Structures are given as C-alpha cells and as structure tokens.
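So the chains spell out like this:
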Amino acid sequence: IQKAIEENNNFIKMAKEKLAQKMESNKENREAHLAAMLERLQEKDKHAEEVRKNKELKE
Amino acid sequence: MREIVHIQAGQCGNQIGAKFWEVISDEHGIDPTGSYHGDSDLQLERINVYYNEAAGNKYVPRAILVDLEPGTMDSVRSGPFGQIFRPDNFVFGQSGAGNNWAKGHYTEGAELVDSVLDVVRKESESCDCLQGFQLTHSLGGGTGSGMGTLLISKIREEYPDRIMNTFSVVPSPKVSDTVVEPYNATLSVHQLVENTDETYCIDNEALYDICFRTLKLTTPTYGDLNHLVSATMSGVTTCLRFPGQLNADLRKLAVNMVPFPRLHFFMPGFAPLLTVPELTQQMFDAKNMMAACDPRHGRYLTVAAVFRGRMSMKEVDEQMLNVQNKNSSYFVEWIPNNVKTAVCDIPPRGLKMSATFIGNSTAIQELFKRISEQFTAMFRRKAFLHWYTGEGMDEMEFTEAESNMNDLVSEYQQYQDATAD
Amino acid sequence: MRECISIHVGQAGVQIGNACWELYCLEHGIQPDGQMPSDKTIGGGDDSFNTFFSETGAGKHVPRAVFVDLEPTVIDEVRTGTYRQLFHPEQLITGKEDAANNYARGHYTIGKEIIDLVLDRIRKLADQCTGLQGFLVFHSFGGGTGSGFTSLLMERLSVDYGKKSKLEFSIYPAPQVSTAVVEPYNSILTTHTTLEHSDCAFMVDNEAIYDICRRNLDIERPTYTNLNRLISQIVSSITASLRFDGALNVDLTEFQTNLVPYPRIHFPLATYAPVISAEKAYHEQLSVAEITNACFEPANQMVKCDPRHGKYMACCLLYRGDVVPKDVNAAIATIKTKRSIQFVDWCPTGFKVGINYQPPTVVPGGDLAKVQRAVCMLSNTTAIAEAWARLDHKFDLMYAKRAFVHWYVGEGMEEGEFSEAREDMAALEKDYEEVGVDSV
Ligand SMILES: Nc1nc2c(ncn2[C@@H]2O[C@H](COP(=O)(O)OP(=O)(O)OP(=O)(O)O)[C@@H](O)[C@H]2O)c(=O)[nH]1
Ligand SMILES: Nc1nc2c(ncn2[C@@H]2O[C@H](COP(=O)(O)OP(=O)(O)OP(=O)(O)O)[C@@H](O)[C@H]2O)c(=O)[nH]1
Ligand SMILES: c1cc(CNc2cc3c(cn2)[nH]c2ccccc23)cc(Oc2ccc3c(c2)OCO3)c1
Ligand SMILES: [Ca+2]
Ligand SMILES: [Mg+2]
Ligand SMILES: [Mg+2]
C-alpha cells in the first residue's frame, strides 16, 4: 500500500512539474517572440527619424 | 462580439471602400440614414462586424476614411451613404502626396498619421472583442501606398496580436499612365510581406481585361473596375457577415489559409461574370481571376471558395471533389484537404447564385515579376528617383525592397517545386 | 453514489453534450424545467440516474456537467435553448476569443486565462458528490479548444484528482465537415499530451458517422445535428450501465477491465446497430441475431478501419431493450462460426455481455426509427491503429515543410513539442503492432 501511495504521489508530482515548466517555457518563448516583433518596429521608427532628419540636412 | 475596424486611404482606397459599404449596407438592409429596413433577423446576427449601433437605433460603419487631399472624401459624404459615416472619422490633410511613396510614408503621411491613430483607438476600445483591421488602398499612388503601409506598421505596434487584412490594388499601365507606379508598388510590398496577415491582390491589369473582354466594356471606367472589386469584397466577407455552418473569425481563417507567414498574397475570383457544375468550372478558370496570373502555371497551397444562393449543397460537394480530382497536379500534395468550401444561402443583389474564389497560389509570383520587371527597368536608370531622395530616402532602401521582393518570388517557386518525397 | 462528472469542451464537445443530455432527460423522464415526476425522493437520492443528475430541494434534476468554450456563441445557444433551465449558470463557462484552431492558444495562450475558473467550477460539482467515480470528457481532436484546452485540463485533473478515472469521447477529424487544414497537427498534439492522463478513450470518426447517416438514414448531406443525435445514441448505450440498474446490467468499469490490457492500449472500437429510418423500420423488427450481426459489418463502426485485417484483444456487447441471454447466446454462437474474428493468442476469446432493459429512446423529429432493441459493441482491435496511421501521415506531409508551424511557434510552442508528440504516436502505432504478434 505504501508503494501505491508513493506511485500515485510521484505521478501527481511529475505531472505538476512537467506542466509548470511547459507553461514557463511557453511564457518565455511567446514574450521573446512579441518583443522581437516590436523591436523590429522600433528600428523602424529610428530609420524613419533618419529619413526626415536627412531631408532637413538638404537645404 | 467580434468587430472589424475598416480603414480606407488614398484615391483608390476610398473609391473601392465606398462601394464596399454600399453593397453590404444594402445586403444588411440599412438605408443611408442607418435604420434597419430588412426582413431577416439573419441580416443582423453578425451586424456588429462592420457597424456600431447608435442612439435611436442607427447602425454606423466602423470605417475610418483617410487621405492627404480633401477632394476625394468630399465625394463620399455627398455620394450615397455619405451621411451614414461617422463625421469625425473623416481624417484628411491638405498637402497631398503626389503619387509619391516617401510623401505618404515618411514626411507628409508621418505628420497626419497620429490623428488617424486617435480615430482608430476610439473605435477599437469600444469593441467587445476586436478581430482586427482591414485596409483598402492602392500600391501605385502615394497616400494609400506609403501612408497605408505606414499606418499598418503603426497599428501592428499598438495591436500586435490583431489580424491585419488588406485589399491592395496593384498597378497596371492599362488603367493609369502614371509612370512612377512600379516604384511605389515595390516599396509597399516590402512592407506588406512583413506586417499583414492576409492581402488580396486586386490587379487592374486583370480588372481591365475582364471588363474589356468578358463584360465587353471598351473604355472601362474606374466605376467598372470597382463594380468587380465590390463583388469580390462582398464575397470573401460573406461568411463573416452572416451565420452559417462556419463560425470563423479573422484569425481562424488566416490560420487555415496561410501555411507560411510571408506567403499571404491571394488572387481572388468571382463567378458568374447558372448550374453548380459550370459555376464551379468558371471560378477555377483563369479568366475569372482578379489577379493577372494563370493558376495552371503554379500550384495551390490552399483555396477557399464561397457559394451563395439556394442550391444543392450535395452537388457543390461533388463538384469541388470533381475539380480537385481533375486538377490534382495544381494542388500541392503535402497539404491534405487544402480546399475548403462555404455556402451562404443569402445570394447577392441581382444574382440568384454566385461564387467567390480565394486562392493562395505560387503563380501569384507572376504578378510580383511583372511589377519587378517594370521596377528594375526604371531603377537602374534612376528615373524620377530624385522625387524620393528629395524626401530624404536612400538608394539602399530601394535595393532592399527589390531584393526582398526577389526573395519572395523564389520562395513561391521553392514550394511550387516541392514534393511529398 | 458513484457520480460521474461530464466535461464538454469546445464546439463539438458542447453540441454533443446538448444532444446527450436531452437524450438522457427523455430516457429518465426529466422535463426541460428539470422536474422529474417519477422521483418521489425530493432533493436527493441514491438512484442509478443520480450518477449523472443531482437534485435541488425544489425538485430540479441538474446534470453533473460543465460546459467550457473559449468563445460564447455555442454555449449561448445552451443558455437560451429548450433546456436552459436544466443548468446552473455557473456550469456554463465561456471566454471571449477562441483558440482559432490553434492547439497552442487552447493549451497556453488563451487557455491559461480560464483554466483556474474551470477547475474551480468542477470542484464545486465534486464536493456535491459522496462517491465520485470519475470524469467523462467530450471534445474534438481538431479544434484549438477541443485539443489544446482539453489536454491542459486533463493534465490539471490528474494533479487535482490523482488517479480518479478520466474517460474521453473524442471526435476524430474528417475532411467532409472539417473547418481546418491544421487539424492533423492538433490531433497528434492533444493525443500525445492526453495519453498518460486518459484511462479509456472512445474515438468517433466523423467520416464514419457521416457515411452512416447518408447510407442508413438516407440524409443527403448530414449536419452536425444529424451526426450528434447518432453519437448520442452510442454515448447513451455506453453510459446506460451507469444510469440504470438491472440484474443483467454490467457496469462500464467491468467492461474496461477487459478492454485495456496495457495503459496505452485504451482506445476501444465502438459499433452500433440498428441505425434505420422510420420508413424502413416499419413492419420490420430487427432481431437480436440481426443487430448482433450488424456489429461485425464494418460500415457500422464509429471509426473507419478493418478489424478483419487485425486481431481482437477484447469484444464486449452492450444490449439495451427487449433482449434476453437466450437470444444473445444463439446469435453469438452463429457469429463465432461464420465471421472473421481472430483473437491474439494471449487473450481469452469469450464475448462479455451486458443487458439494459430500458429500451432505446429517440428525440422528437429525429431521423432514427424508435426500435425495441439496440446493441453497442466495444472491441479492442489492433485495426484502430489505422486511424492513427492516417492522421500521422497527414501530419508528416505538412510537417516536412513546416506548413502552418509558425502559427504554433508564434503562440509560444517549439518544433521540439511537435517531434516529441509525433514520436509518441510512432511508438503508439508500434505498440499496436507488437500486441498482435504471437508469443514465443
Ligand atoms: N480600381 C480602381 N483603381 C483606382 C481607382 N482610383 C485610382 N485607382 C488606382 O490608383 C493608382 C494610383 O494611385 P492613386 O489613385 O493616385 O491613390 P493615392 O495614393 O491616394 O494618390 P494621390 O491622389 O496622390 O493621393 C492607379 O494605378 C489607379 O489604377 C478606382 O476608382 N478604382
Ligand atoms: N461530430 C461533431 N463534430 C463537430 C461538431 N462541431 C465541430 N466539430 C468538429 O470539430 C472540428 C473543429 O474543432 P471545433 O470543436 O469546431 O473547434 P473548438 O473546439 O470550438 O475550438 P476552436 O478552434 O477554438 O474554435 C472539426 O473537424 C469538426 O468536424 C459537432 O457539432 N459535431
Ligand atoms: C474580412 C474577411 C476576409 C475573408 N478572408 C478569408 C475568408 C475565408 C478563408 C480565409 N480567409 N477561408 C474560407 C473558407 C470559406 C469561406 C471563406 C473563407 C477578407 C478581408 O479582407 C478585406 C480587406 C479589405 C476590404 C475587405 C476585406 O472588404 C472591403 O475592404 C476581411
Ligand atoms: Ca430522488
Ligand atoms: Mg487622390
Ligand atoms: Mg469554438
């Protein structure tokens, strides 16, 4: 009976742990995916600043 | 609900956008005052998609109409259903773009863009659950081209997890003699490849050839080209605007049609320009494609088809099977079941039954090569390039748009030549 | 006691739940208001039908069920439908934005926003139970919610309820009614994730049900409504042992002892007869021998596969209605000497039999004939792996080019999850191939 308790507990335990790192790894990846997208759009902003800026350096 | 926020920009975007709203306000039974005068609760079950319900029960388009010269918007508010639009949603400038992309994207559009975004926000935050945005615009002009794609970049910053669709009108020498158009189209594509989920390639090259040669309309007005586009626009949104077996939002439909993020450029079609067999035969025929491309020169990654009107849905199922079997070489074999069909029992105005076609085909590369040919002819001469470096742009930015668009074409070719083994 | 809590997830799970619970009410004499005139014990009881229905002090018989969807339009129709009074509003749970046929959104992005609430509501039902037996989970393989959220939920139920039994009714995708091209991806992802957490899963091939409606009820182009009403009859037959009592009644767990020889081999093949229209059932009674023979004719299976080219590890026959063991034994003896039934060499060959007296019921205005007797066969056959093979091959065609994978990676998943999931399915297919090999 002790072995059965230990085995129901380890299964509950490893399932809790396997799920928790999955949800963390998914949190990390999705954030590192949206941030990369934003940062391409912000490099986009500087570039457009350099285009408006270069044009003023033209008169 | 699941609401869409609509945007029209430039000459072309506003012209095709206005007609778009006349057809679908018609279908949902709402007069240019905004009062429902239909006969079907069906006409309202998805009315939230494109309308706000106002005090005194008046449905108002969730439309934002934009330009850099006030003339073209004067026509809308004076044209039919002009009094239905939200008056504050008119966002025009005075100094136009002059069929120049840099003016629309970097300098003149950059000055007006923030006040457009304010109108976007006001409409967006009142939605229960916004699906995303749809833009009508041309890639040949200056406002719809450069400011339309600037406004896309800005919206994807503030709504990075919303879907962005566009009906982009591609330029052809058969409609507009304007000469710098291949310059504009190529710089826009270098934007849409990155920041849109779903782009319908409406090609004037095509639209001209269909009015000329099928409807037999020599000297075709823009009102004739748009009559086709408005029928295409109404068709691809029919599933969204009415209740059927399919309950799919913008994201779900993009998921099943876009196997690769860059390859989201669709060639649409319409039929009749009947019996279910010939209706289906016509719509896979290359002469009904709104993009000047032959599908039998490439392979279909995915296909959506929308039939309308009362018809045997068993016969539609049999005929779609028939077409796939007889044309199997033109559908990639490594995407099983890549042809999906929808049936709306409400037919359009005038037609007892019609069919709308959406095709994600590698043959669209034909389009992107016509533009790239006209672009590189001009570019190595540097013709009219001073109009762009005048606004501050760099020769290098041109070359990337060229290479990034040569990259896209090869990628279409890669998957067209891929096999299951 | 021995309460069973049903969880209906996604459009397919919810709409099949609608069909099942309407059918249960008619079988038990429960009205849409929840009143049950024949129940003289008010506010509670230990009756067989209480495994699925609790009782309020006001005489309302309430399904032990939760409906979950990441989108409200389907469950809204439950809230305004004929049976809206049957459910406490807290049994009906909806988000706002759905999984968009994306496993990742159902499991991680959108699903994580509502899972705690769902488990809270499930606990509220479990605390009402004096003897909770387990859960019945209804869902599609293809939907982003049916696949992604279901597996998230199954993982969480294992944590919160240990080895309390969890059974599935899973809708296997068919092109004839699919809305999506990515369903093969979602099917393998959820099957891999759920495999350790399900004790027994009844797969329903929408193509098999589509064909049966066309061929036997002569419906030209069946709808979800046509499909679900037939699926309800199979589900009702399987759960009838828990909701009624009889001397001859054999209780689903007992069939399960036979049906699951190893933990991963837990996908029984269901076959149901008779499916017949009112036109054709008139002046034609189907005998026990006739409906029993129909169970071995593969056109009546819930999943398209050929048991005649595979091996049996178990065969169970679940009769309901006007049936006695005398008839059953004669029919089985006839079959055993005329049909292609080959058992693996490590199993006894007997057929395990259960009989419910309560006759089959039909929904008003359905297409099924009301019949005096029906049978549902539950067999463990190696042939069911053909369904895995068909899906695994569709998965392989697309994944070689990584078609659509960017949609999953954009919501936080990695290619490693895809390959690990597909490797589990390859082992699962090989396990079915191993069990059929003879001993040494
Ligand atoms: N189909 C169609 N195309 C149009 C229409 N009006 C303009 N176009 C197209 O638009 C392209 C040129 O862009 P413009 O129309 O000038 O749009 P724009 O960017 O706003 O240009 P501006 O007037 O300077 O603001 C041409 O190739 C035309 O074919 C129209 O009403 N229907
Ligand atoms: N048998 C049956 N199958 C259904 C029903 N509704 C949907 N399906 C199937 O479910 C699959 C798609 O998954 P859905 O359940 O519709 O999607 P979902 O569970 O709501 O999750 P989302 O993708 O977020 O909407 C398709 O292959 C359909 O065949 C139904 O009412 N009955
Ligand atoms: C909303 C919906 C759509 C349609 N997209 C779609 C449909 C289906 C599909 C995949 N995608 N798979 C299917 C299977 C069966 C049936 C239909 C589909 C396109 C859209 O883009 C625009 C952009 C600018 C406009 C505009 C529409 O109207 C006026 O301006 C907006
Ligand atoms: Ca009682
Ligand atoms: Mg203009
Ligand atoms: Mg759903």
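Method of structure determination, per the deposited record: X-ray crystallography was used for this entry, reaching 2.39 Å resolution.

On to the interface of chain C and chain B, then. At the junction of the two partners, chain C supplies 29 residues and chain B supplies 33 residues. Applying the counting rule to chain C against chain B returns three salt bridges. With its nearest N and O atoms 3.5 Å apart, the salt bridge here joins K252(B) to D98(C). Where chain C meets chain B, there are 13 residue pairs in polar contact.

This next bit is on the domain arrangement of chain C. All names here are of chain C. Partitioning chain C into domains gives domain 1 (4-259) and domain 2 (269-386). The centre of domain 1, based on its C-alpha atoms, is set 24 Å off from the matching centre of domain 2. Between domain 1 and domain 2, the residue contacts involve 38 residues of the former and 39 residues of the latter. Here domain 1 and domain 2 share an interface that buries about 3,500 Å² over both sides, 64% of which is from carbon and sulfur atoms. Of all residues in domain 1, the largest losses of buried area upon contact with domain 2 belong to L248, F255 and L259, amounting jointly to 18% of the total for that side. With its nearest N and O atoms 3.9 Å apart, the salt bridge here joins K304 to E207. There are 13 residue pairs in polar contact connecting domain 1 and domain 2. Looking at the side of domain 1 that touches domain 2 residue by residue, the class counts come to 19 nonpolar, eight polar and 11 charged.

Residues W334(B), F368(B) and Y185(C) are the most contacted members of the largest nonpolar core, which totals 243 residues. Ranked by size, the runner-up nonpolar core spans 25 residues in total, among them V66(C), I110(C), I122(C) and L132(C).

Across the junction of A271(B) and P272(B), the peptide omega takes the value 0 degrees, indicating a cis bond. That bond from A273(C) to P274(C) is cis: its omega, -5 degrees, falls within 30 degrees of zero. With respect to the helices, strands and loops of the structure, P274(C) is situated in the loop between β9 (269-273) and α10 (278-281). One non-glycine residue, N337(B), lies in the positive phi region at around 60 degrees. Relative to the helices and strands, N337(B) is located in the loop between α12 (313-326) and β11 (339-344). For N337(B), a relative accessible area of 29% corresponds to the partly exposed category. If you check the backbone angles, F384(B) has positive phi at about 50 degrees while not being a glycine. Relative to the elements of secondary structure, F384(B) occurs in the loop between α13 (365-381) and α14 (386-389). Take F384(B): its relative accessible area is 40%, and that puts it in the partly exposed class.

Further remarks concern the UniProt feature "binding site: Mg(2+)" in chain B. Residue and element names in this part refer to chain B. UniProt marks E69 with the feature "binding site: Mg(2+)", using the numbering shown here. Assignment of secondary structure puts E69 in the loop between β4 (63-67) and α3 (71-78). When its relative accessible area of 39% is taken as the criterion, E69 is described as partly exposed. Apart from the residues lying within four places of it in its own chain, the contact partners of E69 are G93 and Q94.

Here we come to the site of ligand 3. All names here are of chain B. Neighbouring ligand 3 are 21 residues, the closest being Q134, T136, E198, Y200 and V236. Note that a nitrogen atom of ligand 3 is positioned 2.5 Å from one of the side-chain N or O atoms of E198. In this structure, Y200 approaches ligand 3 through a side-chain N or O atom, which is 2.6 Å from a nitrogen atom. At the level of secondary structure, the elements contributing two or more residues to the shell around ligand 3 comprise β6 (130-138), β7 (163-170), β8 (198-203), α8 (222-236), α9 (238-241) and β10 (300-308).

Another aspect to go through is helix α13 (residues 385-400) of chain C. Residues and elements named next belong to chain C. In this model α13 runs 22 Å from its N-terminal to its C-terminal C-alpha over 16 residues, within 8% of the 22 Å that 1.5 Å per residue would give. Where α13 is buried, its residues contact β7 (165-172), α6 (183-194), β8 (200-205), α14 (405-409) and α15 (415-435). One or two positions beyond α13, positive phi appears at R402, with a value near 60 degrees.

It is worth spelling out the domain arrangement of chain B at this point. Frequently, the measure chosen for interface size is the accessible area that the parts lose on association. Residue and element names in this part refer to chain B. Per the domain assignment, the segments of chain B are domain 1 (3-256) and domain 2 (265-366). On a C-alpha basis, the centres of domain 1 and domain 2 stand 24 Å from each other. Between domain 1 and domain 2, the contact holds 25 residues from the first and 19 residues from the second. Regarding the contact of domain 1 and domain 2, the summed buried area is about 2,100 Å², with carbon and sulfur atoms giving 72% of it. For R308, the salt bridge is made with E27, and the minimal N-O distance between the two is 3.1 Å. The interface formed by domain 1 and domain 2 contains eight residue pairs in polar contact. Among the elements of the structure, α1 (10-27), α6 (181-195), β8, α7 (204-213) and α8 are those that each provide at least two residues to the side of domain 1 that touches domain 2. Tallied by class, the residues present in the side of domain 1 that touches domain 2 amount to 13 nonpolar, seven polar and five charged.

The next subject is the sheet that holds β8(B). Residue and element names in this part refer to chain B. As summarised here, the arrangement of the 10 strands in space is β5-β4-β1-β6-β7-β8-β9-β12-β10-β11, forming an open sheet in which the pairing is mixed. Of all strands in the sheet, those bounded by a partner on one side alone are β5 (90-92) and β11. Ignoring which end each strand starts from, the neighbouring axes of this sheet average 20 degrees apart. As paired elements, β10 and β11 share six bridges and run parallel to each other. The residue of β11 that forms the bridge with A304 is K340. Strands β1 (3-9), β4, β6 and β7 of the sheet are contacted by helix α5 (residues 143-158), whose axis makes an angle of about 165 degrees with β6.

Analysis parameters
- Residues numbered from 1 in each chain as written, not as in the entry; some residues may be left out.
- Chains lettered and ligands numbered in written order.
- Part of a larger assembly, values for the part shown.
- Heavy atoms only, no water.
- Contact = heavy atoms within 4.5 Å.
- Salt bridge = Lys/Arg side-chain N within 4 Å of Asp/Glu carboxyl O.
- Polar contact = N/O pair within 3.5 Å; in protein donor to acceptor, adjacent residues only side chain to side chain.
- Domains from an automatic or database assignment.
- Buried area = accessible area lost by both parts, 1.4 Å probe.
- Nonpolar A, V, L, I, M, F, W, Y, C, P; charged D, E, K, R; others polar.
- Core = buried A, V, L, I, M, F, W, Y, C linked by side-chain atoms within 4.5 Å.
- Buried < 20%, exposed > 50% of the residue type's maximum accessible area, 1.4 Å probe, protein only.
- Helix = DSSP H or I, 4+ residues; strand = E, 2+ residues; numbered from the N terminus.
- UniProt positions renumbered as here; feature names shortened; annotations may be inferred.
- Near = heavy atom within 4 Å.
- Expected span 1.5 Å × (residues − 1).
- Pairing = 2+ DSSP bridges.
- Axes fitted to C-alpha atoms, helices over the stretch in contact; angles between N-to-C directions.

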